[PDB]
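Chains: A, B, C, D, E, F, G, H and I, in written order; residue numbering restarts at 1 for each.
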Amino acid sequence: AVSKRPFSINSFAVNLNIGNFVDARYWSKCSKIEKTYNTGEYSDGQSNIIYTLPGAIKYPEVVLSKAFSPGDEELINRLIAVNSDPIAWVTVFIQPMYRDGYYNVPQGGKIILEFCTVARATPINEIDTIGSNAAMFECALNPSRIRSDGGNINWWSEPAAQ
Amino acid sequence: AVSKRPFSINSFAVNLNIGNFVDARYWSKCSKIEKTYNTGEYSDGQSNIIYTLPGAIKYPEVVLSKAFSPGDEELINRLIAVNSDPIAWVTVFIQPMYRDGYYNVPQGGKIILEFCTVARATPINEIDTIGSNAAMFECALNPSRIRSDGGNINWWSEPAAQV
Amino acid sequence: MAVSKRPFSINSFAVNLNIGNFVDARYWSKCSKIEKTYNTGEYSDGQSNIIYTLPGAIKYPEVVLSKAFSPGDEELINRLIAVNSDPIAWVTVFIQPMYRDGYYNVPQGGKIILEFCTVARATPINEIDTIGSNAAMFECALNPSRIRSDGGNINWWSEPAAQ
Amino acid sequence: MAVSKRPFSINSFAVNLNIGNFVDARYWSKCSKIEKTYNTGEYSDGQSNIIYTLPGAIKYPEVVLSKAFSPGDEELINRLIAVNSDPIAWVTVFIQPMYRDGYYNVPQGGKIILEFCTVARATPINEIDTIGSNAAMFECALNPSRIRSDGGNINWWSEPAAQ
Amino acid sequence: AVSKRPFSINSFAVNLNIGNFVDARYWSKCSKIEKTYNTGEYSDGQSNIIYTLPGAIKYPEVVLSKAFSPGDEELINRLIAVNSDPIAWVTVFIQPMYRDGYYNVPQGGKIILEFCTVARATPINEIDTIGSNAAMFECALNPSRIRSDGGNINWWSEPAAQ
Amino acid sequence: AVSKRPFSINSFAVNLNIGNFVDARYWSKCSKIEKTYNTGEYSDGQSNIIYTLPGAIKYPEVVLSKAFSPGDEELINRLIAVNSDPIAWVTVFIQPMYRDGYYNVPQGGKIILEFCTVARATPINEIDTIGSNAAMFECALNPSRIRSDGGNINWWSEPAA
Amino acid sequence: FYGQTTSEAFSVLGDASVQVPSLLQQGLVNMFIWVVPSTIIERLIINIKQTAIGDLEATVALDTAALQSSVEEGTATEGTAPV
Amino acid sequence: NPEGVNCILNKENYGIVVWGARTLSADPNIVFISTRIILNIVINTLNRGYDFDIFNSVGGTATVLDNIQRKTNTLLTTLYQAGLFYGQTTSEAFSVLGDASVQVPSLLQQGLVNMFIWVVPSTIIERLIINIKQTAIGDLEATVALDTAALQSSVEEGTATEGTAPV
Amino acid sequence: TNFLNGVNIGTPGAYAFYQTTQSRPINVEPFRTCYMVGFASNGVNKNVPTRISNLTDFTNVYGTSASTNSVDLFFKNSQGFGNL
């Protein structure tokens, strides 16, 4: 029963809100997105099995990447300056969509990595006068929270006081 | 030569019971299922041979993976929220069969990983506008026990006090 | 001089198990290396700046057996899982070297016997992949305490004993 | 016993397409091999050094259709370019075996149906050469997911799905 | 001088047993029948000559072909189903003969490939609406053993005791 | 300008003396042979350059290997028993040569690893009923000294008085 | 539909081999369809057995073997219905 | 027991057990009831298989004989996989001859078909003999080596049975 | 010889005997034999080379003979290998 197709790796669009700036540049790559649980070990004393206790949630670092193109000087300066303001935060918007060229079918809302701090800004991955790969802008972010609000699926409802 | 053809790596069906929720989704991949014994070294004093002593059984972390498809929003939410309830835990059901296509012919019960805690939920393994692989939804689980009850083979009968 | 006898091949051994009081008739198609390892300490004689090695604390490293996971392995799973629960129970490994062509084993010499082995790891399923085509791999790690041989004429392993 | 009924020729098969909700009226004059492939793994029973092959991970290989690029193929091109954009849309291939002398096809049996096919390639023009005299060939590559047959008194690809 | 006149490439009849049911169809083409020894390298230490050690016997894949004709529907529907049953096997029977027309002259037993698994089933080699070749049914089998049973000549005998 | 084609990797024959037993089996492989110097750092105080001071000579462990063939049970037992006697030692003889086939033409003496202790005996590197490689007997040895006594060319001469 | 596949769910027959020229001249076209509709759960029966201490695994093995063998042989329904 | 009487015994720690598996035959080849049952199973399996072949037209090709040989092979293969025969391969297990080269047209006209089968039935363990030596302290390995070499050589070159049977 | 002990037993079951000395026969190849030309009063095998299994067999067949010491020495030194 092959009905609705599964999302592909290319089936997402990534955007950034850098402080008070709504950056319009689209990013080509992103790393994995999870909710990681740190763990401790324990026993109930009635057995010799090691039981795992979750704790100290963490959302691991996310590495965005794109092709370094003119007009990226604004993005470079914004990402270099965002951390200077303790009120300033970086927000990551990931909209899934069924992509075909420039055609897309966005369904559901958009994952939002909220309150992210910049940990690394690499405008040039490397320089090689004989190389032919596209220069890559990279940016590492440490998110604090994840939510979803744009649409009609909302697939990151964290537990709350219902 | 051979009689019964051995199980293939594709010869298992994986299902999840997330808390009080029974999920109809099937997972395409699962890591290895083990019962490890932590070991301590000792000697009997009569020789210089190092002897190994089992103890502190552990069932290692198991990583399930599947293709990230619509309808997995509820699965993501349930897996994210399960650990918030101290009573709730995840159960993994693995039934061995001999699938031709959609023609599974299962025999024996199913290996049940009981009392599992989520350690990692990764809806998207990565993003690449030039990539062509299917996005992978991964979930890491820490099981506490293994058993089997729904068939006529019972391939994980743990030791018990048999009077 | 000239090769009168062709050497043993990697496939030239038959592996069997004795799990506690049970004699398992199943054969294992893979086994790791068999060793007698010496733990070494460094010393000097005082007349030179050369570092001399001193053997001691013999250890026989862990041996990993592997085979194809097929029906009828549930008894093997249960026995391997339960053997360590009895302090009197051990696992014995019998390796018979031979010169088989097909099903035409030609066993000459005795069998190397890993005596008094404790289970350290039991993995009925090495991996699950609904798209994979490899055969599911039963694995078992054992910690032997001693090695000997008793059967046929050739005594492959003889530990030094009083003359 | 003897030759009473002549076998099918390579030209004895008419190819049709369904592109999403579009029933295409055009015919295809060339289709590649129709296959069911079993990806194979290797194993041993431990009683011999004979290599045994284990089937698994069925896949129906890519099918390449070709025809003469003629006016009225613009809608076919625009449909094939757009099928994959819709996650619900699929390509269905219909092959009817017949015994056509000229335009007097004699259909016997049902029609083989390749269901749930995705477009991997669309080549409106195989090549251009103002000196060439061959007919321009429109090609399309399809990755099918299933095969069956339902169109007549003879069913060619009954799966063992029926338990 | 020459007397018995040797075998021709057409001097064999090929038959199949698919699971528990006996196929009455014949195959007009079969690939090589072989026993391959995977070889290992070693040295005796007395010379730099490379020695080869046989091991890990295998019987390579065998491709059977015939003319796709009505009546092969059951053959297809059963070659599809063989692997689904872990008990079912495909057995290949090759009878060497000295046929003129329909006047086969069998001599010796029939070579039997035992315990074969289906790796490939191709009812239609290709379609060409203006082609003239005969449609070619193909089937690839991975055999596990070879023997010879039904005659006064043992065409194949694996080493055994006595 | 090259006259003598140099020694190849296949240009050595390896033999063992296990305790009081002169073992006649030849080994197919051996690891690297060196005289390694452990080092300490220092300075002369008049500059910021780190100077190296040799010390604590060591001869690194040598791993011999061969094809596991019948008649190797004697070798297995001897190598398993040698360390049991504190007087017993293992000696490794390496004769360089220029063998075409069986036509070795030794030139020079034979390098001798004297007073070696067994650290590891592996009669079977692994088992696999589908494998085709030759089973390998391995033996790890810790030598104490190196010399050479046989033919004209002395290869290893430590600094004596 | 009931079935893991379309070849288990439905089947169609509407080609020209089932059309009659005389009816076509009148404007008639005949189509033949077969379908296997899905069913529903109406009554669910719980057959639960009470086991002594210790013998649960053996009792389960025996009873499960018997039940599975009966179902696969089709002998499960061969009997008299109790009220 | 050598006369074909199978006894039933009340063994302590075991219960009531049959301690005999011999037939009434004087033929040494069918001494054990297991061999008789194995042969009967082979014969009855083949007969039930051929019951479907009875009353079948013998067309021009005479393909029915080849089909019968095929069916016999598959039937006996499953009996080998069950384990009724001795050996390591079907070649050592059984053999069949049912082609048209053994069919006489004169008999076919009457409706007679001849099939020839050879099988090697599995044997059993009846009495188990323990021949154990009592060595002095120290010479265990040497005595074992010598005696094992002697026994293996004698068995290998067939002189093991050469010798008188005690009492 | 260590294999026929259970032949003359009708009842099924496990039985125990002592492991006796088992003779290991020789493979037939040149220079595995010694031919002793001697005399015995009883002309059992006059001018006929006869295999001898041991000194006891020699005495039983030929009785008294001046070659008895030579036969005993041969068997003691050969230790069951080689033929006389």
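Some points to look at:
We adopt the following convention: contacts are C-beta pairs under 8 Å (C-beta built on N, C-alpha and C of every residue); 3 or more make two chains touch, one makes a residue touch a chain.
Path length between chain F and chain H in the chain contact graph, taken as the least number of steps between touching chains: 2. Put simply, the C-alpha centre of chain A and that of chain B have 28 angstrom between them. Rounded to whole angstrom, the centroid-to-centroid distance between chain C and chain E, based on C-alpha atoms, equals 38 Å.
Our note on geometry: chain D versus chain I, Cα centroid distance of 82 Å, whole angstroms. Across the assembly, chain F contributes residues 67, 129-134 that each touch 2 or more other chains.
Chain pairs that touch one another: A-B, A-D, B-C, B-D, B-E, B-G, C-D, C-E, C-F, C-H, D-E, D-F, D-G, D-H, E-F, E-H, H-I. The touching residues of chain G, counted against chain D in their complex, run 3-8, 10-13, 15-17.
Interface residues of chain D, counted against chain A in their complex, comprise 82, 84-88, 90, 116, 145. Chain contact summary for the complex, chain I toward chain H: residues 1-20, 22-25, 27.
Residue ranges of chain H in contact with chain D, taken from their complex: 59-61, 63. Against chain B, the residues of chain A that register as touching in their complex are 4-12, 14, 28-37, 39, 48-54, 94, 99, 107-108, 153-159.
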